[PDB]
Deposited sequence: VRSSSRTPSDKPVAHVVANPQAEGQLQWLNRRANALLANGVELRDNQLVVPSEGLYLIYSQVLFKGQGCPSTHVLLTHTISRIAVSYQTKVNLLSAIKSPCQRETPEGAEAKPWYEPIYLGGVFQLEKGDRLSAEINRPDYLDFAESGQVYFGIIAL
């Protein structure tokens, strides 16, 4: 179809890191959306559904309070400003492993050439082990 679209994914081999990946089955880069420096490039002005999900996993809890945070940023072409659009926080800890997912979703108007960044603070805590657990995506509407 004709709308700018992306659904991209964490990279299974990417070593302990969040690397957004469209070369995959059931993954999308289309209609001018580019993946540049691990960010989504908005090809045109409009309204975009933006969404991301990360799934964190620990084995047990180390002795610090852990704050897992997951964030989608808009880098505006002209101003060159990084700004929070979507952010959520989780606090997993207070033998056996734990799993905290985070979902982010929303509708904003984006200028052509704007960039979207899906990022988290602790890549050591990231589980992409099976598929569909870590993904970044937008489609214009």
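- In sequence order, the deposited residues that have no C-alpha coordinates form the ranges 1 to 8, 103 to 110.
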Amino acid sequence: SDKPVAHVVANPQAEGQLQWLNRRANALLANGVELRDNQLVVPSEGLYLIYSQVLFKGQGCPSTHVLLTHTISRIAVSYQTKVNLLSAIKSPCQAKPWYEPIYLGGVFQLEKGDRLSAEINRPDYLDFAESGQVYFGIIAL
From here on, numbers count along this sequence of modelled residues.
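- Higher average CA B factor: 22 to 30, of the stretches 65 to 73 and 22 to 30.
- For the pair 34 to 42 and 56 to 64, the mean B factor over Cα atoms is greater in 56 to 64.
- Out of 47, 83, 104, 116, it is 47 whose C-alpha atom has the highest B-factor in the PDB entry.
- Among the modelled residues of its chain, residue 132 has a C-alpha B-factor that falls in the lowest third according to the deposited record.
- When all modelled residues of the chain are sorted by CA temperature factor, residue 141 is found within the highest third.
- In the deposited entry, the Cα temperature factor of residue 14 sits in the top third of values across the chain's modelled residues.
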